[PDB]
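Notes for the one structure printed next.
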Amino acid sequence: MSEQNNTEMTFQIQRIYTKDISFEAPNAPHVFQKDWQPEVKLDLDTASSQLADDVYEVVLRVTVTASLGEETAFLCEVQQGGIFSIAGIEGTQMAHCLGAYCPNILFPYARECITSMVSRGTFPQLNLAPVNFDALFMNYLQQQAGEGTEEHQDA
Amino acid sequence: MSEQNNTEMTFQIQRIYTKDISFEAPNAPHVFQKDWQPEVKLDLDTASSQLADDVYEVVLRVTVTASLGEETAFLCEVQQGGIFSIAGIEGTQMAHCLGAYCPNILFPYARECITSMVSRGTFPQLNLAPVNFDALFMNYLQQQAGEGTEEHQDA
Amino acid sequence: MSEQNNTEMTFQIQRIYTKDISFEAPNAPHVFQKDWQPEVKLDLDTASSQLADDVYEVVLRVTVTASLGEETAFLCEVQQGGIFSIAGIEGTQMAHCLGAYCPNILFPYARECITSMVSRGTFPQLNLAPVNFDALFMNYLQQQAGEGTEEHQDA
Amino acid sequence: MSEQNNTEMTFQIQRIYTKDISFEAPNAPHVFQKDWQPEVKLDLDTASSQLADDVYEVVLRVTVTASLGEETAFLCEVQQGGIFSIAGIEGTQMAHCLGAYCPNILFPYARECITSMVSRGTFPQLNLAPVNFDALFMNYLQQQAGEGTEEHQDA
Amino acid sequence: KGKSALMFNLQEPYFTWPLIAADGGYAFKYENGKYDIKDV
Amino acid sequence: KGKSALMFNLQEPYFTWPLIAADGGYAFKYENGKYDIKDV
Amino acid sequence: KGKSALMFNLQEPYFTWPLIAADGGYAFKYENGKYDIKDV
Amino acid sequence: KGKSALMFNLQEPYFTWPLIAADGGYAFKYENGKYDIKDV
């Protein structure tokens, strides 16, 4: 575990897959008694494990709470796991990959899986909108541009 | 049979929806080490619940297990619940319907919910064969008779 | 009061899958300022094709249209094909099987694949209320059919 | 959301959606009888459309042409359009962030949309390995003519 | 229409099933926006 | 008689239902293939 | 002494990950509305 | 080719890298000895 942030790095996918699904609708029949949208509210959670040397397995857990008025509507949760090969990345480099890049790979799959399970219980759309944390990161540590002179091109 | 008028008996669906969905794969990263020769289990169960006067709910518990010998690959339990608001029925015939016919309504939707969970876990599609226990029961009743009579066009 | 057809019927499922998928949102940028009042309706269109003897592919095209007047919300269509090995089917029971039941086996898969496409287009997706054709038909008819379902039991 | 030209470098991700989706399986049950690995042709293409000042939609065309033996296995394409609030951009930086970084955001969502349709067609999960083509070309920017504001801005 | 089997007709006992029609109310949540991504 | 059923009431175990014996003829037993393992 | 590249025990997942709470402005209406089922 | 600092017209692509593609692995054969129901 190095801390300097200056190495060639490397990444690779071995496998993407759903490990766990939950859609638990306790007052599922009471959606017929409740004439209004459930308040569907997101949760992100970070769970990971090591399979081998330079072979990690990052699980993206998105939990979801929903409620009709003063009562629970449904409670959903998906765990999209993914085996990622990481090496070279260290300190802030590795915190950027495991904490933004690997999530944003698994995140479309967790979205699609939740929003499907929600609608199976005859509830409406709630897919979590994507955030460019990388765009924030480039300004956070100040990367700037290739300072010199601009080209036009003519064709 | 001059009595051409309906009694208090009527079959009516008020809502089909998933009350619970559960996909577990705790040995999902571990499955790669094991050979893919799945021994499939189907655990069939049901439950009933009274929502109102004549308004009932029959929830279908389908359990789908893929065991690689003594090593579980995945598990898929879906509670496909369906509200049915019916009355006027008793005897041995009611047991036939709530035990076979009413969960048979729910079974295409339960099958699908699981099948999609399986394929989202990057595992092959599993098509659970429907058991035509209804026809088997009718063989006892009067073998089989299907005299169709159109009149009520559309509503 | 009971014209025996002695129809055996052997139903076996082989494989289910999407043959064709599509999602059309021509006004996809423009949707940012549109009206939320579409006619969200599903269209069950029934086709088939002979693959072999007693092996026939039923392709059920489900099409969910959403229109706000002159402004279109979206369009989605999934032609869900299903390989079914069948023989012995006869009388009304054949037309009830491959003309209602087998398309209804394909209905949840197609419905969910549409619900997927709509979620992807960031529109209010859901798995629309099951169109219970069977319940209506058995309720409707004309005549009492006969006393075929008249028997107690043994063990 | 709400962004004016009176600002320095800005990058907001407003909304990611599928405008166009297609999946076709021509030899669909023939391919079930043809157990090999489908060789997929991944065709990369991009598009753009101005929605406002410093606001535009970048569309990512990910085309897929899968083949088995001498025949077609399946076809697939997803045009994943995404609205981005971009500003503080110039030269080879503007062109690079538009042609590489913006599609790189859209690519997990394009990939997943295809992955799902493949698993719905009951074919093997198609997840394109995450290759940072942005970082590859990024080094070449600051080693050419491109991006104004003269160098030697340092102590 | 027709037949793609040894036996297939479906005209008389083949009634029209409902195709559903749910009304989306009126006007969507677009003005300020509270479901999009703004932060930067 | 009847056309429907509500309640539960397992009065008597009528008939036998052994379900389907879910046993087939194998699938992809992995087989050591490759996808070319490395991005950058 | 020691092989492999770096490895980790999940040290501080990024510089925080904020998200939106909930929005859309949906509704039901069993009277010919949406997300409902006004009896088949 | 011709563009400014602010925006452009899509006259042609430019940034198009050859993707890694799939390779000869194996993940086919989705049953073949499909189990029966009974007779019904």
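How things are named: the first chain in the structure tokens is A, the next is B, and so on; residues count from 1 in each chain; ligands count from 1 in the order shown.
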
After superposing chain H onto chain G (least squares, all C-alpha atoms, pairing by order), export the transformed chain as a PDB file with C-alpha atoms, in the first residue's frame.
ATOM      1  CA  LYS H   1      -4.072   3.361   4.020  1.00  0.00           C
ATOM      2  CA  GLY H   2      -1.030   1.039   3.715  1.00  0.00           C
ATOM      3  CA  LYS H   3      -0.705  -0.484   0.191  1.00  0.00           C
ATOM      4  CA  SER H   4       1.850  -1.362  -2.547  1.00  0.00           C
ATOM      5  CA  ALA H   5       2.175  -0.639  -6.320  1.00  0.00           C
ATOM      6  CA  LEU H   6       0.653  -4.090  -7.042  1.00  0.00           C
ATOM      7  CA  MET H   7      -2.758  -4.792  -5.348  1.00  0.00           C
ATOM      8  CA  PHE H   8      -3.892  -4.180  -1.697  1.00  0.00           C
ATOM      9  CA  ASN H   9      -6.033  -5.632   1.151  1.00  0.00           C
ATOM     10  CA  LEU H  10      -9.529  -4.092   1.702  1.00  0.00           C
ATOM     11  CA  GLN H  11      -8.858  -2.818   5.272  1.00  0.00           C
ATOM     12  CA  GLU H  12     -11.057   0.266   4.602  1.00  0.00           C
ATOM     13  CA  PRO H  13     -12.596   2.431   1.747  1.00  0.00           C
ATOM     14  CA  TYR H  14     -11.063   5.847   0.736  1.00  0.00           C
ATOM     15  CA  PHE H  15     -12.479   6.804  -2.699  1.00  0.00           C
ATOM     16  CA  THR H  16     -16.084   7.667  -1.694  1.00  0.00           C
ATOM     17  CA  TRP H  17     -17.706  10.807  -3.229  1.00  0.00           C
ATOM     18  CA  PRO H  18     -21.189  12.145  -2.093  1.00  0.00           C
ATOM     19  CA  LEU H  19     -23.631  11.384  -4.986  1.00  0.00           C
ATOM     20  CA  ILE H  20     -25.880  14.224  -6.302  1.00  0.00           C
ATOM     21  CA  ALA H  21     -29.142  12.650  -4.894  1.00  0.00           C
ATOM     22  CA  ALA H  22     -32.752  13.272  -6.023  1.00  0.00           C
ATOM     23  CA  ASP H  23     -34.681  16.513  -5.322  1.00  0.00           C
ATOM     24  CA  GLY H  24     -38.340  17.535  -4.717  1.00  0.00           C
ATOM     25  CA  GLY H  25     -39.832  16.915  -8.178  1.00  0.00           C
ATOM     26  CA  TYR H  26     -43.052  14.951  -8.894  1.00  0.00           C
ATOM     27  CA  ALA H  27     -43.796  11.652 -10.727  1.00  0.00           C
ATOM     28  CA  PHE H  28     -46.379   9.909  -8.441  1.00  0.00           C
ATOM     29  CA  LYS H  29     -50.209   9.300  -8.653  1.00  0.00           C
ATOM     30  CA  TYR H  30     -50.520   6.141 -10.840  1.00  0.00           C
ATOM     31  CA  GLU H  31     -54.324   6.281 -11.433  1.00  0.00           C
ATOM     32  CA  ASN H  32     -56.976   6.722  -8.664  1.00  0.00           C
ATOM     33  CA  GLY H  33     -60.340   6.672 -10.535  1.00  0.00           C
ATOM     34  CA  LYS H  34     -59.723   3.117 -11.835  1.00  0.00           C
ATOM     35  CA  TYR H  35     -62.275   2.169 -14.550  1.00  0.00           C
ATOM     36  CA  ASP H  36     -64.579  -0.869 -13.860  1.00  0.00           C
ATOM     37  CA  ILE H  37     -65.178  -3.921 -16.090  1.00  0.00           C
ATOM     38  CA  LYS H  38     -69.019  -4.151 -15.930  1.00  0.00           C
ATOM     39  CA  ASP H  39     -70.359  -6.259 -13.015  1.00  0.00           C
ATOM     40  CA  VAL H  40     -68.682  -9.602 -13.819  1.00  0.00           C
TER      41      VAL H  40
END

Within 12 Å of residue C:88, counting only C-alpha atoms, which residues qualify if same-chain residues fewer than 6 places away don't, as a ChimeraX atom specification? /C:5-12,54,94,97 /E:6-7 /H:39-40

Let me see the file: selected residues, N, CA and C atoms, as a PDB file, in the first residue's frame.
ATOM      1  N   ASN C   5     -64.729 -34.402 -25.590  1.00  0.00           N
ATOM      2  CA  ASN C   5     -63.772 -34.252 -26.705  1.00  0.00           C
ATOM      3  C   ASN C   5     -62.541 -35.130 -26.428  1.00  0.00           C
ATOM      4  N   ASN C   6     -62.376 -35.531 -25.135  1.00  0.00           N
ATOM      5  CA  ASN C   6     -61.297 -36.433 -24.651  1.00  0.00           C
ATOM      6  C   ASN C   6     -59.910 -35.879 -25.056  1.00  0.00           C
ATOM      7  N   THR C   7     -59.802 -34.545 -25.050  1.00  0.00           N
ATOM      8  CA  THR C   7     -58.579 -33.843 -25.412  1.00  0.00           C
ATOM      9  C   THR C   7     -57.517 -34.057 -24.323  1.00  0.00           C
ATOM     10  N   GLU C   8     -56.416 -34.701 -24.730  1.00  0.00           N
ATOM     11  CA  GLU C   8     -55.294 -35.041 -23.852  1.00  0.00           C
ATOM     12  C   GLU C   8     -54.540 -33.764 -23.453  1.00  0.00           C
ATOM     13  N   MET C   9     -53.935 -33.111 -24.472  1.00  0.00           N
ATOM     14  CA  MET C   9     -53.079 -31.918 -24.315  1.00  0.00           C
ATOM     15  C   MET C   9     -51.807 -32.222 -23.485  1.00  0.00           C
ATOM     16  N   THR C  10     -50.647 -32.079 -24.133  1.00  0.00           N
ATOM     17  CA  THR C  10     -49.335 -32.172 -23.495  1.00  0.00           C
ATOM     18  C   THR C  10     -48.598 -30.858 -23.767  1.00  0.00           C
ATOM     19  N   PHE C  11     -48.505 -30.012 -22.738  1.00  0.00           N
ATOM     20  CA  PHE C  11     -47.813 -28.721 -22.826  1.00  0.00           C
ATOM     21  C   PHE C  11     -46.406 -28.874 -22.242  1.00  0.00           C
ATOM     22  N   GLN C  12     -45.372 -28.477 -23.009  1.00  0.00           N
ATOM     23  CA  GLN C  12     -43.996 -28.389 -22.500  1.00  0.00           C
ATOM     24  C   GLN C  12     -43.333 -27.108 -23.025  1.00  0.00           C
ATOM     25  N   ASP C  54     -44.610 -30.507 -34.215  1.00  0.00           N
ATOM     26  CA  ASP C  54     -45.037 -30.353 -32.794  1.00  0.00           C
ATOM     27  C   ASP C  54     -44.214 -29.284 -32.028  1.00  0.00           C
ATOM     28  N   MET C  94     -57.266 -25.940 -27.224  1.00  0.00           N
ATOM     29  CA  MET C  94     -56.148 -25.504 -28.097  1.00  0.00           C
ATOM     30  C   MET C  94     -56.155 -23.966 -28.247  1.00  0.00           C
ATOM     31  N   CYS C  97     -55.245 -22.279 -25.125  1.00  0.00           N
ATOM     32  CA  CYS C  97     -53.823 -22.470 -24.780  1.00  0.00           C
ATOM     33  C   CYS C  97     -52.931 -21.522 -25.600  1.00  0.00           C
TER      34      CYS C  97
ATOM     35  N   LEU E   6     -50.041 -27.365 -37.747  1.00  0.00           N
ATOM     36  CA  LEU E   6     -50.892 -28.422 -38.347  1.00  0.00           C
ATOM     37  C   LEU E   6     -52.394 -28.101 -38.120  1.00  0.00           C
ATOM     38  N   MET E   7     -52.671 -27.422 -36.987  1.00  0.00           N
ATOM     39  CA  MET E   7     -54.018 -27.010 -36.558  1.00  0.00           C
ATOM     40  C   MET E   7     -53.902 -25.675 -35.789  1.00  0.00           C
TER      41      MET E   7
ATOM     42  N   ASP H  39     -47.528 -35.644 -18.624  1.00  0.00           N
ATOM     43  CA  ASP H  39     -48.413 -36.157 -19.693  1.00  0.00           C
ATOM     44  C   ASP H  39     -49.430 -35.057 -20.026  1.00  0.00           C
ATOM     45  N   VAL H  40     -49.926 -34.420 -18.959  1.00  0.00           N
ATOM     46  CA  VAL H  40     -50.760 -33.210 -19.024  1.00  0.00           C
ATOM     47  C   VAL H  40     -49.860 -31.959 -19.234  1.00  0.00           C
TER      48      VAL H  40
END

Counting only C-alpha atoms, which residues of chain D sit at most 7 Å from some atom of chain H, and what is each one's closest atom pair with its distance in Å to one decimal, listed by chain and rising residue number, as CSV?
residue,atom,partner,partner_atom,distance
D:32,CA,H:29,CA,6.9
D:35,CA,H:28,CA,5.0
D:36,CA,H:28,CA,5.8
D:37,CA,H:26,CA,5.0
D:39,CA,H:22,CA,6.1
D:40,CA,H:22,CA,6.1
D:41,CA,H:21,CA,6.7
D:42,CA,H:21,CA,6.4
D:44,CA,H:16,CA,6.1
D:45,CA,H:16,CA,6.6
D:46,CA,H:13,CA,6.9
D:47,CA,H:10,CA,6.9
D:48,CA,H:10,CA,6.7
D:89,CA,H:5,CA,6.7
D:90,CA,H:5,CA,4.2
D:91,CA,H:5,CA,5.3
D:94,CA,H:5,CA,6.8
D:99,CA,H:15,CA,5.3
D:100,CA,H:15,CA,6.5
D:124,CA,H:27,CA,5.8

Non-local contacts of residue A:123 (10 Å; only C-alpha atoms; under 5 positions in same chain excluded) as a list in words: residues 28, 31, 37, 38, 40, 73, 74, 115, 116, 117 and 118 of chain A; 17 of chain B; 124, 125, 126, 127 and 128 of chain C; 28, 35 and 36 of chain G

Step one, run DSSP on the backbone; step two, keep only residues of chain B assigned to strand (DSSP E or B); then write them as a PyMOL selection string. chain B and resi 10+13-24+39-52+55-68+71-85+87+145

Give me, as a PyMOL selection string, the contact residues of chain C against chain B at a cut-off of 7 Å, counting only C-alpha atoms. chain C and resi 2-7+12-13+15+91-93+105+108-109+130+135+139-145+148-152

Suppose we keep N, CA and C atoms; can you now write the selection as a JSON list (two decimals), in the first residue's frame?
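Output below, filename again.json:
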[["chain", "number", "residue", "atom", "x", "y", "z"],
["C", 2, "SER", "N", -72.67, -32.57, -21.50],
["C", 2, "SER", "CA", -71.20, -32.74, -21.48],
["C", 2, "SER", "C", -70.77, -33.54, -22.72],
["C", 3, "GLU", "N", -70.43, -32.83, -23.81],
["C", 3, "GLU", "CA", -69.91, -33.44, -25.03],
["C", 3, "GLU", "C", -68.40, -33.67, -24.88],
["C", 4, "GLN", "N", -68.04, -34.93, -24.54],
["C", 4, "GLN", "CA", -66.63, -35.34, -24.37],
["C", 4, "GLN", "C", -65.84, -35.14, -25.68],
["C", 5, "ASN", "N", -64.73, -34.40, -25.59],
["C", 5, "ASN", "CA", -63.77, -34.25, -26.71],
["C", 5, "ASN", "C", -62.54, -35.13, -26.43],
["C", 6, "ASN", "N", -62.38, -35.53, -25.13],
["C", 6, "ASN", "CA", -61.30, -36.43, -24.65],
["C", 6, "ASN", "C", -59.91, -35.88, -25.06],
["C", 7, "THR", "N", -59.80, -34.54, -25.05],
["C", 7, "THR", "CA", -58.58, -33.84, -25.41],
["C", 7, "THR", "C", -57.52, -34.06, -24.32],
["C", 12, "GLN", "N", -45.37, -28.48, -23.01],
["C", 12, "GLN", "CA", -44.00, -28.39, -22.50],
["C", 12, "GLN", "C", -43.33, -27.11, -23.03],
["C", 13, "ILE", "N", -42.80, -26.32, -22.09],
["C", 13, "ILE", "CA", -42.01, -25.11, -22.39],
["C", 13, "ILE", "C", -40.57, -25.53, -22.74],
["C", 15, "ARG", "N", -38.03, -22.80, -24.22],
["C", 15, "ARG", "CA", -37.19, -21.59, -24.11],
["C", 15, "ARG", "C", -38.04, -20.34, -24.36],
["C", 91, "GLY", "N", -60.15, -29.07, -29.53],
["C", 91, "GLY", "CA", -61.39, -28.45, -29.09],
["C", 91, "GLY", "C", -61.23, -26.95, -28.85],
["C", 92, "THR", "N", -61.82, -26.45, -27.76],
["C", 92, "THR", "CA", -61.64, -25.06, -27.32],
["C", 92, "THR", "C", -60.30, -24.89, -26.59],
["C", 93, "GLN", "N", -59.78, -26.01, -26.05],
["C", 93, "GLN", "CA", -58.62, -26.02, -25.16],
["C", 93, "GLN", "C", -57.34, -25.60, -25.91],
["C", 105, "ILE", "N", -47.79, -16.36, -21.05],
["C", 105, "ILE", "CA", -46.48, -16.83, -20.55],
["C", 105, "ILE", "C", -45.37, -15.85, -21.01],
["C", 108, "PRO", "N", -45.37, -11.25, -19.38],
["C", 108, "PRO", "CA", -44.60, -10.59, -18.30],
["C", 108, "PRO", "C", -43.17, -10.22, -18.75],
["C", 109, "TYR", "N", -42.54, -11.12, -19.55],
["C", 109, "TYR", "CA", -41.17, -10.93, -20.09],
["C", 109, "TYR", "C", -41.10, -9.69, -20.99],
["C", 130, "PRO", "N", -52.04, -6.36, -15.35],
["C", 130, "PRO", "CA", -52.31, -7.57, -16.17],
["C", 130, "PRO", "C", -53.74, -7.60, -16.75],
["C", 135, "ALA", "N", -60.23, -14.49, -17.06],
["C", 135, "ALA", "CA", -61.26, -14.18, -16.04],
["C", 135, "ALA", "C", -62.55, -13.66, -16.68],
["C", 139, "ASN", "N", -66.17, -15.81, -17.09],
["C", 139, "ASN", "CA", -67.25, -15.05, -16.46],
["C", 139, "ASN", "C", -68.41, -14.82, -17.46],
["C", 140, "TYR", "N", -68.03, -14.49, -18.71],
["C", 140, "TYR", "CA", -68.96, -14.15, -19.80],
["C", 140, "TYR", "C", -69.73, -15.39, -20.31],
["C", 141, "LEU", "N", -69.15, -16.08, -21.33],
["C", 141, "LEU", "CA", -69.77, -17.23, -22.03],
["C", 141, "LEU", "C", -71.23, -16.93, -22.47],
["C", 142, "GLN", "N", -72.16, -17.88, -22.22],
["C", 142, "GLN", "CA", -73.59, -17.75, -22.53],
["C", 142, "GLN", "C", -74.34, -18.79, -21.69],
["C", 143, "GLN", "N", -74.08, -20.05, -22.03],
["C", 143, "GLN", "CA", -74.68, -21.22, -21.39],
["C", 143, "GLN", "C", -73.83, -21.60, -20.16],
["C", 144, "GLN", "N", -74.40, -22.41, -19.25],
["C", 144, "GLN", "CA", -73.69, -22.90, -18.05],
["C", 144, "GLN", "C", -72.62, -23.97, -18.40],
["C", 145, "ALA", "N", -72.51, -24.30, -19.72],
["C", 145, "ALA", "CA", -71.54, -25.25, -20.31],
["C", 145, "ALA", "C", -71.96, -26.70, -20.02],
["C", 148, "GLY", "N", -69.46, -30.78, -15.63],
["C", 148, "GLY", "CA", -68.20, -31.52, -15.73],
["C", 148, "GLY", "C", -67.38, -31.44, -14.45],
["C", 149, "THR", "N", -67.44, -30.27, -13.77],
["C", 149, "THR", "CA", -66.70, -29.99, -12.51],
["C", 149, "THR", "C", -67.43, -30.56, -11.26],
["C", 150, "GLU", "N", -68.39, -31.48, -11.48],
["C", 150, "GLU", "CA", -69.17, -32.12, -10.42],
["C", 150, "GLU", "C", -68.56, -33.47, -10.03],
["C", 151, "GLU", "N", -67.72, -33.46, -8.98],
["C", 151, "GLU", "CA", -67.26, -34.68, -8.29],
["C", 151, "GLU", "C", -66.65, -34.27, -6.94],
["C", 152, "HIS", "N", -66.83, -35.14, -5.95],
["C", 152, "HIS", "CA", -66.29, -34.97, -4.60],
["C", 152, "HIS", "C", -64.75, -35.15, -4.59]]

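Picture a line from atom CA of residue C:21 to atom CA of residue D:120; it runs 9.5 Å.
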
Using only C-alpha atoms, which protein or nucleic acid residues come within 6 Å of residue C:81? Drop anything in the same chain fewer than 4 positions from it, and give the result as a ChimeraX atom specification. /C:17-19,58-59

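For the pair atom CA of residue D:114 and atom CA of residue A:76, the separation is 24.1 Å.
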